[PDB]
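Position 5 (the sequence shown) corresponds to 80 in my numbering; numbering is contiguous.
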Amino acid sequence: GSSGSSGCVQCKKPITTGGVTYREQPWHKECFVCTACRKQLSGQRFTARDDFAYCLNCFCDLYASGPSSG
Ligand SMILES: [Zn+2]
Ligand SMILES: [Zn+2]
Numbered sequence: 076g077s078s079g080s081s082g083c084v085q086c087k088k089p090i091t092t093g094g095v096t097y098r099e100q101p102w103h104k105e106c107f108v109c110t111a112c113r114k115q116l117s118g119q120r121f122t123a124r125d126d127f128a129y130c131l132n133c134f135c136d137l138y139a140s141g142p143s144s145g
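Here it is in structure tokens:
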């Protein structure tokens, strides 16, 4: 039948206005945020590493690192 609406997967809620998608799955414009700083990626630049999404900033902070004395 026609019993199936697109609802956020993060919190598992319905999406009426302001929504996005990720990996063939719905995501709220407030749920699709970073995994370290919880920043609304919806709109800005962002890239996932394995499963979660980490904004460039965090991405180049958690894993990335500088030299010894610097
Ligand atoms: Zn949500
Ligand atoms: Zn971040």
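Backbone N, C-alpha and C define an ideal beta-carbon position, used for all residues, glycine too.
Query: What residues in its chain sit with their C-beta under 8 angstroms from that of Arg120, if we drop five residues either side in the sequence?; Result: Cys130 and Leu131
Query: Return the chain-ordered list of same chain residues with a C-beta closer than 6 angstroms to the C-beta of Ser81, the five sequence neighbours on each side being excluded.; Result: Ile90 and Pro101
Query: Taking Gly94 as part of the beta strand (DSSP E), name the residues at either end of that continuous run.; Result: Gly94 to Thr96
Query: Please report the distance separating the alpha-carbon of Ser78 from that of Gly118.; Result: 30 angstroms
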